[PDB]
Amino acid sequence: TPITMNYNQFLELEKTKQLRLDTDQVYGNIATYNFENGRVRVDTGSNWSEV
Amino acid sequence: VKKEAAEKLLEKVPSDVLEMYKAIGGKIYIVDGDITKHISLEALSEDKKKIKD
(Lines give C-alpha, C1' and ligand atoms only; values in the text may rest on other atoms or scores of the structure.)
Protein backbone atom coordinates (compact mmCIF):
# COMPACT_ATOMS: atom_id res chain seq x y z
CA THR A 1 0.00 0.00 0.00
CA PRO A 2 1.27 3.55 -0.90
CA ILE A 3 1.27 6.50 1.62
CA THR A 4 -2.18 8.12 2.01
CA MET A 5 -3.08 11.78 2.53
CA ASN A 6 -6.57 13.13 3.22
CA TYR A 7 -8.18 16.31 1.97
CA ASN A 8 -7.29 19.04 4.45
CA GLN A 9 -3.65 18.01 4.58
CA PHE A 10 -3.61 18.01 0.78
CA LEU A 11 -4.91 21.58 0.71
CA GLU A 12 -2.44 22.67 3.38
CA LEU A 13 0.42 21.04 1.50
CA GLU A 14 -0.45 22.71 -1.78
CA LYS A 15 -0.73 26.02 0.05
CA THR A 16 2.30 25.96 2.32
CA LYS A 17 4.67 23.53 0.51
CA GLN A 18 6.15 22.56 3.91
CA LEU A 19 6.79 18.82 4.05
CA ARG A 20 9.70 17.78 6.23
CA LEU A 21 11.35 14.44 6.88
CA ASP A 22 12.68 13.17 10.19
CA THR A 23 15.13 10.34 10.85
CA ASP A 24 14.00 8.74 14.09
CA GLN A 25 16.22 5.67 14.36
CA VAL A 26 18.32 3.49 12.10
CA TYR A 27 18.52 -0.27 12.14
CA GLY A 28 21.78 -1.89 11.09
CA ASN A 29 24.17 -4.71 11.91
CA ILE A 30 27.86 -5.20 12.70
CA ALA A 31 30.14 -7.53 10.79
CA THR A 32 32.91 -8.92 12.99
CA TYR A 33 36.28 -10.41 12.20
CA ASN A 34 36.69 -14.18 12.34
CA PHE A 35 39.97 -15.50 13.67
CA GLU A 36 39.25 -18.80 11.93
CA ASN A 37 39.61 -17.81 8.27
CA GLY A 38 40.04 -14.05 8.41
CA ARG A 39 36.59 -13.51 6.90
CA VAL A 40 34.59 -10.67 8.38
CA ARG A 41 31.06 -12.00 8.81
CA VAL A 42 27.77 -10.32 9.63
CA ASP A 43 26.05 -11.25 12.86
CA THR A 44 22.42 -10.66 12.01
CA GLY A 45 21.58 -10.90 15.71
CA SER A 46 23.63 -7.96 16.95
CA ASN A 47 22.90 -4.38 15.93
CA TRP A 48 24.36 -0.95 16.58
CA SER A 49 21.34 -0.28 18.79
CA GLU A 50 23.16 -2.28 21.45
CA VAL A 51 26.38 -0.36 21.01
CA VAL B 1 -69.76 32.91 -37.76
CA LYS B 2 -68.25 29.46 -36.88
CA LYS B 3 -66.21 28.94 -33.64
CA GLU B 4 -62.58 27.63 -33.91
CA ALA B 5 -63.34 25.00 -31.17
CA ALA B 6 -59.53 24.63 -30.44
CA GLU B 7 -58.65 20.95 -29.74
CA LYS B 8 -54.87 21.92 -29.61
CA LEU B 9 -51.89 20.68 -31.72
CA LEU B 10 -49.39 19.79 -28.91
CA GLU B 11 -49.61 16.10 -27.79
CA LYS B 12 -48.45 14.88 -24.32
CA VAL B 13 -45.20 16.53 -23.05
CA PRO B 14 -41.39 16.09 -23.49
CA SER B 15 -41.24 15.30 -19.69
CA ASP B 16 -41.67 11.58 -20.51
CA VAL B 17 -38.63 11.64 -22.91
CA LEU B 18 -36.89 13.95 -20.40
CA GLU B 19 -37.53 11.28 -17.64
CA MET B 20 -36.24 8.50 -19.97
CA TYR B 21 -32.69 9.99 -20.24
CA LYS B 22 -33.04 11.32 -16.63
CA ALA B 23 -32.20 7.64 -15.81
CA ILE B 24 -29.19 7.59 -13.39
CA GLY B 25 -28.57 3.82 -12.93
CA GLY B 26 -25.73 2.16 -10.95
CA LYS B 27 -22.05 3.26 -11.15
CA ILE B 28 -18.57 2.34 -9.64
CA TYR B 29 -16.81 -1.06 -9.06
CA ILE B 30 -15.49 -2.97 -5.96
CA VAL B 31 -11.82 -2.21 -5.01
CA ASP B 32 -9.26 -1.93 -2.08
CA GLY B 33 -9.80 -4.69 0.56
CA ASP B 34 -10.34 -7.63 -1.88
CA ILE B 35 -9.35 -10.67 0.31
CA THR B 36 -5.83 -10.23 1.90
CA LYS B 37 -4.04 -13.35 3.34
CA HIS B 38 -0.15 -13.24 3.39
CA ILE B 39 2.39 -15.46 5.35
CA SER B 40 6.28 -15.93 5.13
CA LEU B 41 9.45 -14.90 7.10
CA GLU B 42 11.24 -12.39 4.81
CA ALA B 43 10.71 -9.68 7.51
CA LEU B 44 13.02 -10.98 10.32
CA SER B 45 15.34 -14.03 10.79
CA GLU B 46 16.61 -16.25 13.69
CA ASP B 47 19.89 -18.28 13.60
CA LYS B 48 22.81 -18.64 16.11
CA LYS B 49 25.40 -15.98 15.02
CA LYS B 50 27.91 -15.39 17.90
CA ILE B 51 31.73 -14.85 17.88
CA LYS B 52 34.53 -16.96 19.49
CA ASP B 53 38.29 -17.82 19.34
# chains A, B, ... in the order shown; residues from 1 in each chain; ligands from 1
$ select_by_dssp --residues "chain B" --states "helix (DSSP H, G or I)" --output "NGL selection string"
:B and (15-21)
$ closest_atom_pairs --of "chain B" --to "chain A" --cutoff "7 Å" --atoms "only C-alpha atoms" --output "tab-separated table"
residue	atom	partner	partner_atom	distance
B:49	CA	A:43	CA	5.2
B:50	CA	A:43	CA	6.8
B:53	CA	A:35	CA	6.3
$ atom_distance --atom1 "CA of residue 37 (chain A)" --atom2 "CA of residue 52 (chain B)"
12.3 Å
$ atom_distance --atom1 "CA of residue 39 (chain B)" --atom2 "CA of residue 29 (chain A)"
25.2 Å
$ select_by_dssp --residues "region 4-34 of chain A" --states "strand (DSSP E)" --output "VMD selection string"
chain A and resid 29 to 32
